[PDB]
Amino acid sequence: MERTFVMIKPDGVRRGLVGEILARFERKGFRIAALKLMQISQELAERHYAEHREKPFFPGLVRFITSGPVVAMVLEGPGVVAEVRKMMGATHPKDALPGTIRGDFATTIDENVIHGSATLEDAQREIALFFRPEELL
């Protein structure tokens, strides 16, 4: 029942890591409730990162997240939000532990391969923001 939003960022897609990452989630046992390759519009990127609109890395952040196609998805399963968060590893790749997605695939904070909803509330919000209602199965 519980759902979380996940996004394989432009770098992850360009480096051909989509299947590998998705396999980790299926292997874990989560259900794919939604999935799609998509181009983040300038607007979506600004809404999504509104939180950091004042920050100084905001411009470069928006430029990165829209630099290429991303793979958006919604994973379903018991405590999927917290578990997916643990699977991704620390935001700053330098602190992400091995066995973790960022720990195994990312090297810098700027291009950290993936995003996972931080909380239940963030998830509900991100899902409505990235997917159309009928796209959830």
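Quick note: we count residues from 1 along the sequence shown, nothing fancier.
Between the stretches 96-104 and 59-67, it is 59-67 that shows the larger average CA temperature factor. The mean C-alpha temperature factor is higher for 110-118 when 110-118 and 20-28 are set side by side. Sort the modelled residues of the chain by CA B factor and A90 lands in the highest third. The PDB entry assigns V80 a C-alpha temperature factor belonging to the middle third of its chain's modelled residues. Among the modelled residues of its chain, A72 has a C-alpha B-factor that falls in the lowest third according to the deposited record. Per the PDB record, residue ranking by Cα B-factor puts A50 in the highest third of the chain.
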